[PDB]
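Just below is one structure, and these are the notes that go with it.
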Amino acid sequence: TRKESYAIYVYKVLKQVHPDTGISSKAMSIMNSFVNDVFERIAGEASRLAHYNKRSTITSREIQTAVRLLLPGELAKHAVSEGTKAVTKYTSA
Amino acid sequence: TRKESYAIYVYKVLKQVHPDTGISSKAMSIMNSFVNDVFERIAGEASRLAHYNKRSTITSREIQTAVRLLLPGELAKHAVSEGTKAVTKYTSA
Amino acid sequence: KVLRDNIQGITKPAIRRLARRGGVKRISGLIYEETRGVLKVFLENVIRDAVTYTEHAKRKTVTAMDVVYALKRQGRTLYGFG
Amino acid sequence: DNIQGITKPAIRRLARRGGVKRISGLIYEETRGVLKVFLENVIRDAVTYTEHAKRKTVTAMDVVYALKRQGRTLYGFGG
Amino acid sequence: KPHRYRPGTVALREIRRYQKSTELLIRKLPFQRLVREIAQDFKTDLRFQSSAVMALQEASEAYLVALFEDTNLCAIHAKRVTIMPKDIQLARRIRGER
Amino acid sequence: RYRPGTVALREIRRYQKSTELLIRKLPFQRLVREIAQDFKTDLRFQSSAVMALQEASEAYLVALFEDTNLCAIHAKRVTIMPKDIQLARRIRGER
Amino acid sequence: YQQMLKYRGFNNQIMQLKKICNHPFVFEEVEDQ
Amino acid sequence: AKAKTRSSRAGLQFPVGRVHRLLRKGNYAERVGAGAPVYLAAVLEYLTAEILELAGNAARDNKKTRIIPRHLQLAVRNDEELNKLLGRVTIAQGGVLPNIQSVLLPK
Amino acid sequence: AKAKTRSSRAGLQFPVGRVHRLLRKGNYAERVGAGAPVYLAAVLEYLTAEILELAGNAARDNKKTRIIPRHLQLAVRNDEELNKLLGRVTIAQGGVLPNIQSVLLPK
DNA sequence: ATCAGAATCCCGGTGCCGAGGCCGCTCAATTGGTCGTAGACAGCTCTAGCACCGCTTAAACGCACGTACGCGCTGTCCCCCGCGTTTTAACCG
DNA sequence: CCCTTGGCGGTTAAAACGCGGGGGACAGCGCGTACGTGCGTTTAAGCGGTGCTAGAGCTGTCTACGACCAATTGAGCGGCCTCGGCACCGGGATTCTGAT
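Protein chains in written order, with our numbering: chain H, 17 to 109; chain A, 17 to 109; chain Y, 494 to 575; chain S, 18 to 96; chain P, 15 to 112; chain F, 54 to 148; chain V, 468 to 500; chain B, 76 to 182; chain D, 76 to 182.
Next up, the structure:
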C-alpha cells in the first residue's frame, strides 16, 4: 500500500522560500492537511458554480471565481495573478 | 420553459395532516426552499460518506447514516424509522 | 452619478424600531452610527459575493438567486426566495 | 468516577492559558459540564462514522471528520 | 395637567407591538439606494431585481434584530437597561465577526 | 510572599509561552471511554484519536475562557463567573 | 459462568471467571447488591 | 403491463423517481442505489409532515385557516429540535417570537 | 518523444497531473477543463509559499531553524488575511498568541 | 387601594385579489431487456489495542491565613424618553 | 419579449426638531468573605514491561446489481376560470396605566 502526500512538494517550495530552513514531520502533516483542505474548498466552490450556471465542465474561470470567493482580498488578487500567469505560460509554450 | 417544484407534494402532505387548512403561496415557497435545502444536505453528507469509505455507490445505508448525522435526536430516530419502513414495504411488495 | 450619504437615509426611528423588535427597552444615543457601520460592512460582504456570482455568469442583472447563494455562501440560509 | 478526574489545577491551567487572571470558585463545575457536552457531541459523531464503516475501532480520521463535521477543523492528524 | 405615561411604558408597548407583527421596519427606497451605492464600488451599471433587494432587506433586518438581541443580553449582563456601543462591538467580538 | 495576582500573571506568560498539553492523559482517556459507553459498547480507540479529542477539547476550552474573560472584563470585574461562561455560550448560539 | 459468559464488556471472558471463582466481591456493583 | 409509480409502491407521496434523477445528475456519486430515493423521500415526507403539522397547529391557534410565513416562524422556533436544525436559517416574513426579559418588566 | 511533465511546462512545483486526477475522480463536475489543474495548482503554490514564508520568518525570530506547529500558529494568527481564512481552524500543538488585556496589568 | 382616561380587543359589515380546481399537452417516469463490474463473502496475516502490575516522583489535595475585590448602598447629574408641532420624502398609481 | 429603469403628480404617514423631567449611568465608599499563596502530605500519572488476541488490513473469487438504450404513456405543469377567506373599517365594550 502506497499512500501519496504533498510532503515533497511543500519541501521543495520551502527550499525555494527559505533554502536554509528545515521543517519537522508534524508541521509537514499540518501543511498536508492544509493543502487538502484548501483544495477541497476550491473544488467544492467550483462544483457549486458549475451547477448553478448549468454547465458540466469545470474550467479555469470557475476556479478563478472560486478563488475570488474563498480568499479574502490580497490573497485573492495575488492568487488570481499567479494562477493566470501559470495558465498563460502553460498554454503559450 | 417548465420549472418543476415540490408545491403539489407539500400540498398533498398538508391535506393529509390538516385537511381543513390551506397554505399561502409564500409559505409554499418557503417549504420548497426547505425541501431543497434538506435534500442538498443529506445528499452532500451521503457524498462525503461515500468518498471517505472509498465506494462509488450511494445506497440506503449512506443515506441512513447521513440522516443520523444531520437530524438531532428524535428527528433522526423517527426519520430512520419511517425511511426504513418505506424501503421495507418498497422491496417487499 | 456618484451616490453619497445614502446610509444616512437609514433613519433613527428605523434602527429604533429594529431594537424595539429585538427586545431592547432603552437605547443610547451612540448606537445609531455604529449600527450603520455594521450594516454597511454586512452589505459590502453579501453584495461582493452576489456581484461576484453575477460577474461569473456574464450577466448584467443581479438575480435574487445570486443573493440567496451569497447568504447560503456565508452560512445564513434564506428560505422562500428560491 | 471519571469526569471528576479533570482536576481543579487542570481547569486552572486552561484558564491561565486563555488569559484569565482570577477565577471564581464555581467555574469548575460549569467547565466540567461544558466539557462533557462537547465530548458527547463529538463522540456521538465519531462513533457514527465508526459504525457506518462496520469497524470496532474509532480511528483518528473518524474524529477529524466529526470535528470538521461540526465546523471546527483540525490539522496534523490527517485529512 | 396633560396625561403623560411614565418613561419606559411606551417602549414596552412598542416591544409587544413590533414583536407581534411581521412588518418590515426599513423603508424601501432608502435601503435600495444604499444597496445601489454599495454595489457601485464593485461593478458599474448593474441591474437589480425587486426580489433581490427584498432579499437583502430580509437578511439585513433579521441580522440586525439578532444583533440587538445579543447586544441586549450583553447590556443586561452588565446590570444596565441601556445598550451601548461597547455592547454591540462586544457581541460582534464574541461571535467572531471581527 | 508575592502580592496576590503576580503569580497568576507569571503563570499566564508561562502557559501562553509553551505548547504543553494541560490535561493529564489517563483521566481524559477514561472520561472519553465512559462517555462512549453510552453509545456503542465495546469500542476500540486509537491513541491518535484520544489525542485528537484532547487537542480539540483543550483548544475549545481555551477559546471559551478567552471569550469568558472578555465578558468578565466587560462587566468591570477581573474574576470570571459562571454567568459569564453561560453568557458566552448563549451569544455563540451553542444553547 | 453461563450468564456472564453469555454476555460475551470486552476482555471479560478471561477476566470474569478468574475473579468469580476467587471473589464475587472484587466487582463493586455485585458486592453492593 | 400498466406502469405503476415507485412512489405508490412504498406508499410515499413524494416523487421517488424525481429524487432518483436528482441523485443521478446531482454529481453526488458515480452510481446511485435503488433504496436511496425511497429512503430519502420518506425522510423528507416525515420532516415536511412534522413542520406542516406544527404550522397547522399554530394557524389553528391564531384563528386563521391559511398558513402564513408567521405560522412557520412560530411553528419552527417554538419547537426545540427544528430550531436546532434551522438555527442558521432566516425565514422571509417570519418575524420574531414575542419575548421580553423579565428584568425589563416594571415592578 | 520524451514525456515532459505538465507541472514543468507552467513552471509549477505541484503535481498538475495529480490535481487533474483528483478533479476527475472527486465527483465535482462531469467534465474537467485543461486549465483547472494548472490554475488551481498555482493558487495552492502561492498560498503554501506565503504560509511557509511567514513560518520561516517566525522560526528565524525564535532562533530555531526547524519549523514547528507553534511557528505555524504564530505565523498564521499574526497575519490578518490568513487569520480571516483560517479563523475556523484549530491547529494541533499550536498554542495561543501571547496576549493580556491592558486593564489586567498592574499600575 | 380607586376613578379618568387612553389604548386595545371584539364584533359586525364590506370589497377584493389570491387560493383552489379544470383542462389540454407534453416529456420525463416506468418497463423491458441487455452488459460489465463494484462489492459481498470467505480466508489469511499480524499490529496495535486491551488488560494488568512494579516502581518512582511530579502533581494534586487539604489546610492555615491574609487582603483584594465583589457587592450593596448613596448621591449626583445628565441624557434619553414621551409628546407636540412642522416639514418632507416615502408611497402608489 | 418582459421586466427594469426612468419620470410625474397627488397623499399623507413618517421623520426631524424642539422641550420638559424623571430615572438610570456612573462615581465614591465601606464591609465581609472568598480566593490567591505557600507548605506538608498523599496519590495516582508516567514510564516501563508482560501476556493475549480482536480486529484492521489485504486478497481472491463470483454474482447480484446498477448503468444504458429502446418503447411507451400518464403524472405533472402552464394557462385559465371561479369565489371566499382575509384585509380594512367603523363602532362599542373592555382593560391597563397613572395621579388622587
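Think of the CB as a built atom: it goes at the ideal place given N, C-alpha and C, for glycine as much as any other residue.
Legend entry - Whole-angstrom distance between P:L104 and F:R54, CA atom to CA atom: The residue you call residue 54 of chain F lines up with position 1 of the sixth sequence. The residue you call residue 104 of chain P lines up with position 90 of the fifth sequence. Taking the straight line joining both Cα atoms gives about 37 angstroms.
Inset, instruction - Tell me, please, whether the CB atom of D:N158 is closer than 9 angstroms to any CB atom in chain B? - result: Looking up residue 158 of chain D in the ninth sequence gives position 83. Answer no: the Cβ-Cβ gap between D:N158 and chain B never drops below 9 angstroms.
Legend entry - One or two residues paired with B:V107 in a DSSP bridge: Looking up residue 107 of chain B in the eighth sequence gives position 32. Beta bridge pairing from DSSP links B:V107 with A:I74.
Inset, instruction - Just mark V:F494 as buried or exposed, buried being the case when its beta carbon has 16 or more other beta carbons within 10 Å. - result: By 1-based counting over the seventh sequence, the position of residue 494 of chain V is 27. The residue in question, V:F494, is exposed, as its Cβ has fewer than 16 Cβ neighbours within 10 Å.
Inset, instruction - Determine the extent of the beta strand (DSSP E) in which D:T165 is found, giving its start and end residues. - result: Taking the ninth sequence and counting its residues from 1, one reaches residue 165 of chain D at position 90. Per DSSP, D:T165 belongs to the beta strand (DSSP E) from 164–166.
Inset, instruction - Can you give me the Cβ contacts of D:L119 inside the same chain, cut-off strictly under 7 angstroms, excluding the 5 residues immediately before and after it? - result: Taking the first residue of the ninth sequence as 1, we reach residue 119 of chain D at position 44. Hits under 7 angstroms: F89.
Legend entry - Any alpha helix (DSSP H) of 4 or more consecutive residues that is wholly inside the stretch 30–77 of chain A: 41–68
Legend entry - Beta-carbon contacts of D:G169 that lie in its chain and below 6 angstroms, excluding the five residues immediately before and after: For the purposes of this step, residue 169 of chain D is identified with residue 94 of the ninth sequence, where counting begins at 1. For D:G169, where only same-chain residues beyond five positions count, the Cβ hits under 6 angstroms are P144, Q148.
Inset, instruction - Would you list, in sequence order, the uninterrupted alpha helix (DSSP H) runs of no fewer than 4 residues that lie entirely inside the stretch 139–179 of chain D? - result: 144–152, 155–161
Legend entry - chain H contacts from the stretch 125–144 of chain D (Cβ-Cβ distance under 8 angstroms): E125, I126, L127, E128, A130, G131, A134, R135, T140, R141, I142, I143, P144
Inset, instruction - Closer than 8 angstroms by beta-carbon distance: list the chain D residues that pair up with S:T90, in chain order. - result: Mapped onto the fourth sequence, residue 90 of chain S falls at position 73. The contacting residues are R163, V164, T165.
Legend entry - Proximal residues of chain F, C-beta to C-beta of D:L179 below 7 angstroms: Taking the ninth sequence and counting its residues from 1, the one referred to as residue 179 of chain D is at position 104. Going along chain F in sequence order, the residues near D:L179 (Cβ under 7 angstroms) are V131.
Inset, instruction - Measure the beta-carbon distance from A:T37 to B:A134 and round it to whole angstroms, keeping in mind my assumption that it falls under 8 angstroms. - result: Translated into the one-based positions of the second sequence, residue 37 of chain A becomes position 21. Translated into the one-based positions of the eighth sequence, residue 134 of chain B becomes position 59. The Cβ separation is near 6 angstroms, so the contact holds.
Inset, instruction - Would you verify that the beta carbon of P:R109 is, or is not, closer than 9 angstroms to some beta carbon of chain Y? - result: Translated into positions along the fifth sequence, residue 109 of chain P becomes position 95. It does not: the Cβ of P:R109 has no partner Cβ on chain Y nearer than 9 angstroms.
Inset, instruction - Report yes if the C-beta of S:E46 is less than 8 angstroms from at least one heavy atom of the ligand NAD; otherwise report no. - result: The ligand NAD is not part of this structure, which contains no ligands at all.
Inset, instruction - Could you tell me whether the Cβ atoms of Y:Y572 and B:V164 are closer together than 9 angstroms? - result: Residue mapping note: residue 572 of chain Y aligns to position 79 of the third sequence, counting from 1. Residue mapping note: residue 164 of chain B aligns to position 89 of the eighth sequence, counting from 1. The answer is yes: Cβ separation under 9 angstroms.
Inset, instruction - Please name the residue, chosen from F:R77, F:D95, F:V85, that lies closest to V:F477 on a Cα-to-Cα basis. - result: For the purposes of this step, residue 477 of chain V is taken as the residue at position 10 of the seventh sequence. V:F477 has its Cα closest to that of F:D95, out of F:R77, F:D95, F:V85.
Inset, instruction - Locate the beta strand (DSSP E) running through V:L472, then write down its first and last residues. - result: As a working note, residue 472 of chain V is residue 5 in the seventh sequence. Counting along the chain, V:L472 falls outside any beta strand (DSSP E), though it belongs to the alpha helix (DSSP H) covering 469–474.
Inset, instruction - Kindly indicate which three-state DSSP category F:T132 falls into: helix, strand or coil? - result: The residue given as residue 132 of chain F occupies position 79 in the sixth sequence. Per DSSP, reduced to three states, the secondary structure at F:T132 is strand.
Inset, instruction - Quick one: list the residues of chain P neighbouring B:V171, beta-carbon separation under 7 angstroms, in chain order. - result: As a first step, residue 171 of chain B must be located in the eighth sequence, where it is residue number 96. Going along chain P in sequence order, the residues near B:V171 (Cβ under 7 angstroms) are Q33, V79.
Legend entry - Beta bridge counterpart(s) of Y:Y572 as assigned by DSSP: For the purposes of this step, residue 572 of chain Y is taken as the residue at position 79 of the third sequence. B:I166.
Inset, instruction - At 7 angstroms on the CB atoms, spell out the chain D contacts of S:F94, in chain order. - result: Locating residue 94 of chain S in the fourth sequence gives position 77, where the first residue counts as 1. Under the 7 angstroms cutoff, chain D gives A167.
Legend entry - Cβ-Cβ distance between S:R29 and S:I40 below 9 angstroms: As a position in the fourth sequence, residue 29 of chain S is number 12, starting the count at 1. As a position in the fourth sequence, residue 40 of chain S is number 23, starting the count at 1. Yes. Within cutoff.
Inset, instruction - Using beta-carbon positions only, say whether F:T132 and S:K38 come within less than 9 angstroms of one another. - result: What you label residue 132 of chain F is simply residue 79 of the sixth sequence in a count that begins at 1. What you label residue 38 of chain S is simply residue 21 of the fourth sequence in a count that begins at 1. In this structure, S:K38 lies closer than 9 angstroms to F:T132 by Cβ.
Inset, instruction - Answer yes or no: does any C-beta atom of chain D fall closer than 9 angstroms to that of H:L91? - result: Within the first sequence, numbered from 1, the residue matching residue 91 of chain H stands at position 75. At least one chain D Cβ lies under 9 angstroms of H:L91.
Legend entry - Chain-ordered neighbours of P:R20 on chain Y, where CB pairs are closer than 7 angstroms: Looking up residue 20 of chain P in the fifth sequence gives position 6. Those within 7 angstroms of P:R20 in chain Y number zero; the least Cβ separation is about 13 angstroms.
Inset, instruction - Please decide whether H:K42 counts as near chain S, where near means a Cβ-Cβ distance under 9 angstroms. - result: Translated into positions along the first sequence, residue 42 of chain H becomes position 26. It does; some Cβ of chain S falls within 9 angstroms.
Inset, instruction - Count the other CB atoms, across all protein chains shown, that sit within 10 Å of the CB of H:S97; report buried if there are 16 or more and exposed otherwise. - result: Counting from one through the first sequence, the residue named residue 97 of chain H turns up at place 81. Counting other Cβ atoms within 10 Å of its Cβ, H:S97 stays below 16 and is therefore classed as exposed.
Legend entry - B:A116 versus B:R81 - alpha carbon distance: Counting from 1 along the eighth sequence, the entry for residue 116 of chain B is found at position 41. Counting from 1 along the eighth sequence, the entry for residue 81 of chain B is found at position 6. Answer to the nearest angstrom: the Cα atoms are 11 angstroms apart.
Inset, instruction - Find the residues of chain Y that neighbour B:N102, judging by a C-beta separation of less than 9 angstroms, and give them in chain order. - result: Within the eighth sequence, residue 102 of chain B is the residue found at index 27, counting from 1. Ordered by position in chain Y, no residue passes the 9 angstroms Cβ test against B:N102, which lies about 17 angstroms from the chain.
Inset, instruction - Kindly indicate if chain F contains any beta-carbon less than 9 angstroms away from that of S:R86. - result: On the fourth sequence, position 69 is the one that residue 86 of chain S refers to. Not one chain F Cβ lies under 9 angstroms of S:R86.
Inset, instruction - Under 8 angstroms by Cβ, that's how I've got P:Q63 and Y:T554 pegged, so tell me the actual separation to the nearest angstrom. - result: Indexing the fifth sequence from 1 puts residue 63 of chain P at position 49. Indexing the third sequence from 1 puts residue 554 of chain Y at position 61. At roughly 7 angstroms, the Cβ-Cβ gap stays under 8 angstroms, so P:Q63 and Y:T554 are in contact.
Legend entry - Contact with chain Y by P:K57, beta-carbon distance below 9 angstroms: Indexing the fifth sequence from 1 puts residue 57 of chain P at position 43. For P:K57, the answer is yes, since a Cβ of chain Y falls inside 9 angstroms of its Cβ.
Legend entry - Residue-chain proximity (B:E105, chain D), Cβ-Cβ < 9 angstroms: Taking the eighth sequence and counting its residues from 1, the one referred to as residue 105 of chain B is at position 30. At least one chain D Cβ lies under 9 angstroms of B:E105.
Legend entry - Short CB-CB distance (under 9 angstroms) between S:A77 and chain A: Taking the fourth sequence and counting its residues from 1, the one referred to as residue 77 of chain S is at position 60. No, S:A77 lies away from the interface with chain A (no Cβ there is under 9 angstroms from its Cβ).
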